[PDB]
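Working notes for the structure below.
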Amino acid sequence: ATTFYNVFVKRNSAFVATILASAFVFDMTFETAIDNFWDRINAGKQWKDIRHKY
Amino acid sequence: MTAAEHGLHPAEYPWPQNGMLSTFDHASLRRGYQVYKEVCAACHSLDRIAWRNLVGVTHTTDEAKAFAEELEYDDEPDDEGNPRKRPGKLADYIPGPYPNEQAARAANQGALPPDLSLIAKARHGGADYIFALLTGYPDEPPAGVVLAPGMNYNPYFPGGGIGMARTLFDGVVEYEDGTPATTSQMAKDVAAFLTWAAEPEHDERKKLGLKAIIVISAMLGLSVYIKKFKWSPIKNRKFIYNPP
Amino acid sequence: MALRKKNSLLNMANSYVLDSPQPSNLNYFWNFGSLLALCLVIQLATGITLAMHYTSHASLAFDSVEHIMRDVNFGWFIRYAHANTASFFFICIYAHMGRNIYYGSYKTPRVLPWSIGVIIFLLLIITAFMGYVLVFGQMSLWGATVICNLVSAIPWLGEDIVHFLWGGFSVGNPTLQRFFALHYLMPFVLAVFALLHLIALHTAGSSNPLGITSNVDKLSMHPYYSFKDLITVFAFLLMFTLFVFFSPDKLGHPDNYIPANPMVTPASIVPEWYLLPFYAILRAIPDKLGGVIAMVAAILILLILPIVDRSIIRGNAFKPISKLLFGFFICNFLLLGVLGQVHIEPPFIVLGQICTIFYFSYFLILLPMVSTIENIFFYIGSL
Amino acid sequence: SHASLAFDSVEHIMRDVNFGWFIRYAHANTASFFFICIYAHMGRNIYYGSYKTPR
Amino acid sequence: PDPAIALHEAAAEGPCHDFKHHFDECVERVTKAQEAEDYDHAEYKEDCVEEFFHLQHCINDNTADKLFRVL
Amino acid sequence: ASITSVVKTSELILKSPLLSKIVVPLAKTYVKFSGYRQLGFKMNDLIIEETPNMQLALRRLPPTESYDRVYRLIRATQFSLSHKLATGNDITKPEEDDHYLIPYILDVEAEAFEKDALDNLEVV
Amino acid sequence: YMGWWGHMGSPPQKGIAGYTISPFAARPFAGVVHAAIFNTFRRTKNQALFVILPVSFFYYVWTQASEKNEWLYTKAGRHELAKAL
Amino acid sequence: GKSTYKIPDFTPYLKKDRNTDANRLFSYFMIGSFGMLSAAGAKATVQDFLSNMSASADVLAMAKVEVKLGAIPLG
Ligand code: HEC
Ligand code: HEM
Ligand code: HEM
Ligand SMILES: CCCCCCCCCCCCO[C@@H]1O[C@H](CO)[C@@H](O[C@H]2O[C@H](CO)[C@@H](O)[C@H](O)[C@H]2O)[C@H](O)[C@H]1O
Ligand SMILES: CCCCCCCCCCCCO[C@@H]1O[C@H](CO)[C@@H](O[C@H]2O[C@H](CO)[C@@H](O)[C@H](O)[C@H]2O)[C@H](O)[C@H]1O
């Protein structure tokens, strides 16, 4: 806990760097997660689901 | 105003795309395009839609190019400056049935069939209005209604007398996917299709809205924690007063 | 001395957004000022972006808006953001004005920020009206026709003035091009007046919900009100998101998706919802000129609140009768809004006349009477 | 601002708008005068050391 | 066969029977009134649009969901 | 409006037996519903002070009265921001709601109004 | 009428001691459940009439007007409409 | 009520572990999460919004002309 504080939080340069790197990871993973969820709730409805007939 | 003058308000039908998380049914969109092409396109244009707009929505790139290449469009003049035609490309807009308003009205006993590219947004009711209108021609006008010549009775249309006759009858279209082409089925499909034509961003818009809802909700929750945290020294302040 | 105070430029920012001393007890209704600043920023960003894709020629305007919706990447978002934020701008502005009337922000020593504010409100109306015309759909055209023919009621020169504003004998291309130029410009004027009313306010500072001095107990604007402003920003963006992404057309009128046709008149010419109360006031007076004067007076009468409020106490927090009267005033203002969109038919014609009388009589009769009587009740009641 | 109509709109200003010629030439020439004055103002500042502390 | 035909008939005979009767009574009156001479030179000619709207509005409320379920 | 006005009109009402019989009970209720006492204020703490006259009257308050007023304003502001009401001894009892400021502002205004009158005198 | 830090324009203050604790020492959501329920109830109850009375009155007015208007433009309302115009 | 050295009661609000690194770290996790979502949100906003300035679909449809070569004879 102290260790975590000292490394990622104490220096604002480190804190901002950690926030931005987290933002990058969140952005990438959230994109992927929403994509999959959207595809499941709208299953058989989207072009990707019917494309195979053509 | 009388209810007649307003038009009957259409029912709220449960469209597949109703629902914060719901896209269009693209198989219905494709079937709706086929109804447009075989029935409506006789009188109505769809001028805001290009062939490329169908691609990856209702048709593959090949199918759409095939549709475009069957038509002739005006080319740039040749080297002697004589006019020329070319086959259509994906960038071309779907061509209308009439050259101008005058020709359109002449073919329709004076009435001008509107362009259908925005009609789902340009009428109160949207898909429900289109569906109600196409399916709502009674066999006989209510006793006592006097229709003007060339008018048809339809209660959903304001005033009751519409210049467009009933056009959908069981089996006017033969769907390529084997779906029974009943009046109701065709109206549902074409209404879906026209709604897509008016708002083609609909599916993407609702997915981005879901992401925005989630992030903005989280930020709202966190913003409340941070506010309460920073304000606590002010809220918790205590005084002791000793009058001087 | 700290740089933020030493340097002249930094010091101006500092004095307004960081060290500015605020009352420690502002409630959430003091957050509409910053939401209005946010709306103004969103409208500038989306507005400038739409201007990069819009064509002001009447032969191409409507189609350019379709191009934005259909071809420009995220064009749909920019267009709907701009159109919906105009409605949110008026929700926030009515709230901000409501806050100011309820808490007596128009009283000395804040008459000047209030009076500049009344002009900001007029500029916003003009700005939003011109923007509505730029689409050049049926509501665009029929709006410009009817509203600019009100100017015809100005005696002697009125007709001449109309033709001069239109740039011709009807609403057409010249009208559209000049509304585009003015719609671009007006938001900048509006921003300057917004800044003037803040500079005027800086002499007294913010009022507060108790109506007493805050000189005894101040808080820096940052961090306390910075962080409190974030809550309403995210609440606003949630509402924005629900309209822009899920129901982008809920606040609007389908007729504007039909291209302008000078021949065909739409079923019903009703303005955008936020103009509806003023439209109801105009309909109430049968005379054309009378109606126009009434409609303008309905806005300019706000300038006399500093005179007609005779209370020795600032605001309504402690005044039960004034609170009731204010409730009725606000609800009547909403009923006027509703009557602005009904058909000119019985029994709404007479009802609109009664609501119009009530609107004016608040400023001219009731508020002066009620505020006088409450003064006497506070004195006798506390003896 | 449309490219199919821009040049023609400027001709419309020159030919059809009342005093359009004046407004167009005023705008175009004042842009040159703006730069004459700005070079002069900068020249003044450099010659008289207006860039030194505390300015 | 169009699914709507049967659903509308069922809703008219069932939950919208009172409205069906009103429309029917109206049509009887209007037809009879048109049958009588010097109807063309009358001041007020009655229609049945009001009753028709009441009926259709009712049928639609009882059918909308059912119909879209079978398409 | 001027405090002078309010005080004079009130005195006309309190003189008339009929008027006082109907107004004094109403005014007492009004004050109860107003609810400023539930924030520990005295009525006079609510009077608008950003006026030259009122600034002068406040400067003329005795130091003790002035110190107490500052505390009541700070205490009320704290209840306001916390969304709490006064409890116990913080609630202003009807007997504590004294017009500490009215005499000062009436003197300030008396002079101000005399000055305006005398600026318009005409030798006969 | 407002100064700046150091000379804000307060009457002289004397005799008030103010105390507070650090944001990091405090529970920011202390007693939130009690406040959310009991405090909101108190504050809402005290303001309810000032909202209910005007809203209920203007809603009643609108309801009566809209129902009359609807009735005047029916067949049954023909005669009353003729007089109203 | 009189002595100013008798600090008013703050026990309802005081955290027992107020001086621990765990305690500070929690609140910075909240602040940092908020900064993280704000950064991710601003990136998304900027990228989506500025993409309006990239070639629109109608423009992109006009480049990239495709031509057959089977039709073209030698010489
Ligand atoms: C041969 C003629 C013809 C065909 C076929 C036709 N229409 Fe029309 N339609 C018209 C005419 C004419 C009007 C204008 C009627 C009027 O305004 O009185 C019209 C009007 C409309 C309207 C607008 C009604 C309004 O509110 O203004 C919609 C929507 C519509 N048609 C959709 C369709 C659809 C969907 C189809 C077929 C799937 C279709 N039409 C087939 C001639 C046709
Ligand atoms: C207070 C600021 C503003 C307000 C209230 C405002 C309001 C509006 C409104 C109501 C419309 C009609 C929207 C529609 O239904 O489509 C509109 C359109 C428009 N506005 Fe603004 N506007 C503002 C600022 C700006 C600014 C600064 C620009 C910069 C050019 C601008 C450019 C446009 C354009 C090009 C349109 C037409 C395209 C369209 O309709 O979307 N706006 N504006
Ligand atoms: C673009 C529109 C406007 C913006 C951006 C704006 C912004 C602000 C801001 C930031 C403040 C200080 C914070 C607050 O009290 O909320 C404020 C205060 C004020 N505004 Fe506005 N305002 C606008 C329009 C108006 C209008 C239309 C009026 C009056 C009709 C007005 C009158 C006032 C008054 C009187 C105050 C002082 C209130 C007080 O603190 O007691 N403003 N405004
Ligand atoms: C809100 C938008 C953000 C931008 C800020 C607004 C830009 C224009 C503001 C400048 C107008 C002049 O604003 C004026 O500046 C000076 C110093 O800056 C302020 O002066 C104030 O602060 C300084 C120190 O911070 C003190 O020396 C002074 O006693 C005090 O009154 C005035 O109170 C303010 O009225
Ligand atoms: C002040 C800032 C200065 C520098 C910032 C520079 C930013 C400008 C970059 C524009 C980049 C756009 O790049 C492009 O973005 C869009 C979203 O916008 C992404 O598009 C992706 O998501 C969008 C929705 O968000 C979907 O419509 C699309 O089907 C999907 O592919 C692309 O995958 C990416 O290729």
Side-chain angles (χ1 to χ4, degrees), chain C residues 4-27 29-34 36-37 40 96-97 99-121 123 190-222 224-226 229 302-307 309 311-315, chain F residues 46-59 70 73 77 108 112, chain G residues 1-13:
Chain C
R4 77 182 196 278
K5 300 166 60 193
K6 203 183 160 186
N7 179 266
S8 64
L9 285 185
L10 288 183
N11 193 47
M12 295 175 333
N14 178 230
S15 300
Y16 282 75
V17 309
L18 159 51
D19 286 353
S20 182
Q22 298 296 321
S24 73
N25 62 320
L26 302 179
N27 61 33
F29 283 98
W30 265 253
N31 285 25
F32 288 104
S34 70
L36 285 163
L40 189 49
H96 184 71
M97 285 153 77
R99 180 286 311 269
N100 295 334
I101 290 158
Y102 184 89
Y103 287 113
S105 301
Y106 51 82
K107 302 212 74 159
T108 187
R110 298 176 182 86
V111 172
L112 182 59
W114 166 253
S115 305
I116 297 162
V118 164
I119 282 155
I120 294 167
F121 179 61
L123 285 164
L190 183 92
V192 161
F193 277 84
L195 171 71
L196 293 185
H197 100 308
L198 291 190
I199 288 159
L201 179 65
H202 216 61
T203 80
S206 309
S207 181
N208 61 79
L210 296 179
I212 62 161
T213 189
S214 60
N215 287 336
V216 295
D217 200 338
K218 296 286 203 173
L219 252 198
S220 284
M221 166 90 222
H222 177 88
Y224 298 93
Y225 291 110
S226 289
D229 288 334
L302 292 176
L303 289 171
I304 77 161
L305 275 176
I307 289 150
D309 192 47
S311 179
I312 65 180
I313 287 172
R314 178 189 282 103
Chain F
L46 297 184
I47 293 160
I48 298 170
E49 74 163 71
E50 300 78 7
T51 294
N53 280 355
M54 268 286 303
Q55 287 296 290
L56 176 59
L58 285 166
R59 270 182 262 113
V70 159
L73 297 180
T77 299
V108 166
Chain G
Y1 287 115
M2 182 186 68
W4 204 255
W5 302 103
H7 60 283
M8 198 70 62
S10 174
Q13 306 195 10

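Just so we're on the same page: letters track the sequence lines, and every chain starts at 1. Note: hydrogens, waters and symmetry copies are ignored here, and every other heavy atom, side chains too, is used.
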Using distance alone, with no hydrogens and no angle criterion, decide if C/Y224 and C/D229 have a side-chain donor and acceptor under 3.5 Å apart. no
C/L201 side, atom CG; C/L196 side, atom CG - distance, nearest 0.5 Å: 12.5 Å
Could you tell me if the side chain of C/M12 sits less than 4.5 Å from the side chain of C/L9, heavy atoms only? yes
Taken to the nearest 0.5 Å, the spacing of C/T108 OG1 from C/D309 CG works out to 12.0 Å
For the atom pair CG (C/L190) and CG (C/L123), what is the distance rounded to the nearest 0.5 Å? 6.0 Å
Using 30° and 60° as the class boundaries, would you call the ring planes of C/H202 and C/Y16 parallel, tilted or perpendicular? parallel
Side chain to side chain contact (heavy atoms under 4.5 Å, CB included) evaluation trace for C/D217 with F/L73: CA-CA 9 Å; C/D217 200 338; F/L73 297 180; over 6 Å; no
NZ/C/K218 to CE/G/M8 distance, rounded to the nearest 0.5 angstrom? 6.5 Å
Say whether, by atom type as modelled, one donor and one acceptor occur between the side chain of C/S20 and the main chain of C/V17 under 3.5 angstrom. no
Mind checking whether C/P209 and C/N25 have side chains closer than 4.5 Å, heavy atoms only? yes
Under 6.0 Å from the CZ atom of C/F193, do we count more than 12 heavy atoms belonging to anything else shown? no
Atom pair NE2/OG of C/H96 and C/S34 - distance to nearest 0.5 Å: 10.0 Å
Check the surroundings of atom CZ in C/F29: do more than 12 heavy atoms from other residues, nucleotides or ligands lie under 6.0 Å from it? no
With a 4.5 Å heavy-atom cut-off, do C/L26 and C/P23 have their side chains touching? yes
Is the shortest heavy-atom distance from the side chain of C/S105 to the side chain of C/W114 under 4.5 Å? no
Salt bridge present between C/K107 and F/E50 (N-O < 4.0 angstrom): no
Keeping the roles fixed (side chain from C/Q22, backbone from C/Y225), state whether a donor-acceptor pair exists under 3.5 Å. no
Is there a side-chain contact between C/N27 and C/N208 in this structure, where contact means two heavy atoms from C-beta onward sitting under 4.5 Å apart? no
If only atom types and distance count, is the side chain of G/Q13 paired as donor or acceptor with the main-chain N or O of C/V216 below 3.5 Å? yes
Considering only heavy atoms from C-beta outward, does the side chain of C/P113 approach that of C/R110 to under 4.5 Å? yes
Please determine, by modelled atom types, if C/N100 and C/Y106 share a side-chain donor-acceptor pair under 3.5 angstrom. no
Main-chain N/O of C/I313 paired with C/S311 side-chain donor or acceptor, under 3.5 Å: yes
If I take atom CG from residue C/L219 and atom OG1 from residue F/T77, how far apart are they, to the nearest 0.5 angstrom? 10.5 Å
Check against side chain to side chain contact (heavy atoms under 4.5 Å, CB included), C/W30 and C/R99: CA-CA 8 Å; C/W30 265 253; C/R99 180 286 311 269; 3.2 Å; yes
Heavy atoms only: give me the nearest C/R314-C/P109 pair and the separation to one decimal. NH2-CD, 3.5 Å
Would C/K5 and C/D19 count as a side chain to side chain contact (heavy atoms under 4.5 Å, CB included) here? Give the steps. CA-CA 9 Å; C/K5 300 166 60 193; C/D19 286 353; 4.3 Å; yes
Derivation and outcome, side chain to side chain contact (heavy atoms under 4.5 Å, CB included), residues C/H197 and C/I120: CA-CA 9 Å; C/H197 100 308; C/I120 294 167; 3.8 Å; yes
Are any non-hydrogen side-chain atoms of F/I48 and C/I312 less than 4.5 angstrom apart? no
Has G/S10 got a side-chain atom pairing as donor or acceptor with G/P12's backbone, closer than 3.5 angstrom? no
